[PDB]
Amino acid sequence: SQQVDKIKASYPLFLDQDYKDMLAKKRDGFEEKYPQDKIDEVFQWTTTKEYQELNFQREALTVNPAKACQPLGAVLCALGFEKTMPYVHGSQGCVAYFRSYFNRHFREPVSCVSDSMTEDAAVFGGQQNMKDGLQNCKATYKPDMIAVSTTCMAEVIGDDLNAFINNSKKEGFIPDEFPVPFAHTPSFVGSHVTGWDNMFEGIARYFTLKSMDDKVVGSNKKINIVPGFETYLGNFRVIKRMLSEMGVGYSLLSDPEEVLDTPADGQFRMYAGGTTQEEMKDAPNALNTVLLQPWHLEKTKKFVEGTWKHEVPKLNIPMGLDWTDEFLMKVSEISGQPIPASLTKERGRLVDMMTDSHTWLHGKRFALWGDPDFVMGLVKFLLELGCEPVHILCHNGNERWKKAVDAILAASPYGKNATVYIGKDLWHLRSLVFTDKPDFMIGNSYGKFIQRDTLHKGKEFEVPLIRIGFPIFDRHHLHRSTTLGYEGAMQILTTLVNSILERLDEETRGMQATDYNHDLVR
């Protein structure tokens, strides 16, 4: 039933007695459900050190991964170019998923096409799909560039992207001069960030490989910035903002900031802003190239060093105090621009916030996950805050990266009780927050299910989730945030200390039981 003046959605509708009784009868009559005592016993068991050992002995099964597949990253990379259509050569199912995934994180349109390879193309290859697809796409959506990647079907059958595009131009499906950079992006190698790396390297090569002879390093007096796979608008913005306040000439290569944040003013804009073809063509003339997320930009680096002859500085991601400092000093060295009074003051304001909030941050234990550069920057900043990053999980991390993170941990007393996990997933992490319980998790929306699990053992075992990373689907507009620079660190610090205080308020809200410690002032 419904009361028309206060209508119930699923929650709390199905808590009505007639629905509860109905559901009990469904269960009892037809579900042949394990007895509740057995369900309890098995749950309890899944929280133990014994289960955790069995769990970490897995070799074949993956449960609740914390990574996605390459072409997702290729698409995000491509969106960052002016009037550019991401194009995934392969099966269309993939593109519905790519688009929906990003739709839900950014709450924005995400344009991407497929060339719809089907069973016919599975033995003959997708050459005809490429011809018709490029022609149809260019005619219908009017991009000025089509950036081509692949699904795992096209990869397995061995479609030669280069040959297919070359033949597409040769037979008149698209103009010879129309830009079609490409990259092979297999599902089964690396992760989404690898796809970003591959696509970017493909685009850079497309615009610079054949014209290196009139290039002179430093001749345009700018610094190139390659952001990598980035899903916080605030991070593109903050990097551009700091460089501008320093008076540094720059070119941000792959810049989806505008197209991921168009106004609702009565028209839909399929394309907006983005790195220009001009910028890519001119990029070798920069003083140098700075990689914001070097641990998934290795191929790009190989090309920039080898072909553009830029001496890519050895910088960590500009996250936290020390690494933002280092990024700024390196930028100053390269450009010859001094660090301005404004950034010095911003830095000091961050330090001030640290002094203000250190007593609540001290010794707090975190489980956390995400992509490698993001993860190591989060770790570094936590150590700077006097926090303990006890469970550090990076599903798509590698052994070299793990060595780097272990060295970071060793350089601080706050790293004593920390372990770095690569190749492990959120079912592994679930076990860790049961057996060696932290105070909080820092992670994406999939963490909510771990929080649920822990509360199920008991309120005292609950590990609340702090949402930082990608994807965040169950809160609105967090994609507008910043995690880079002093600004990013200020936001992260604030989020952390106030999550701590929220939880403490919850634990002390009990009238005449715990509210002796429900302080007005903290």
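A residue's number is simply how far along the shown sequence it sits, counting from 1.
*Asks:* Pick between 113-121 and 88-96: the one whose mean CA B-factor in the entry is higher.
*Replies:* Mean CA B-factor is higher for 113-121.
*Asks:* Do the C-alpha atoms of 450-458 or of 27-35 have the higher average B factor in the entry?
*Replies:* Going by the record's values, the stretch with the higher mean is 27-35.
*Asks:* Looking at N224, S357, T231, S191, which has the biggest Cα B factor in the entry?
*Replies:* Of the options given, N224 has the highest CA B-factor in the PDB entry.
*Asks:* Using only the C-alpha B-factors in the record, can you name which of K424, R205, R347, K364 has the highest?
*Replies:* Highest C-alpha B-factor among the listed residues goes to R205.
*Asks:* Per the entry's values, where does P372 land by CA temperature factor relative to the rest of its chain, in the lowest, middle or highest third?
*Replies:* For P372, whose C-alpha B-factor we compare with every modelled residue in the chain, the answer is the middle third.
*Asks:* Give the position of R104 by CA B-factor within its chain, expressed as the lowest, middle or highest third.
*Replies:* Answer is lowest: the recorded C-alpha B-factor places it there.
*Asks:* Going by the entry, which third of its chain does the Cα temperature factor of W323 land in?
*Replies:* Its C-alpha B-factor, which the entry lists for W323, ranks in the middle third among residues of this chain.
*Asks:* Ordered by C-alpha B-factor within the chain, which third holds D439? Give me lowest, middle or highest, please.
*Replies:* Lowest third - that is where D439 ends up once the chain's C-alpha B-factors are sorted.
*Asks:* Considering every modelled residue of the chain and its Cα B-factor in the PDB entry, is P413 in the lowest, middle or highest third?
*Replies:* Top third by C-alpha B-factor.
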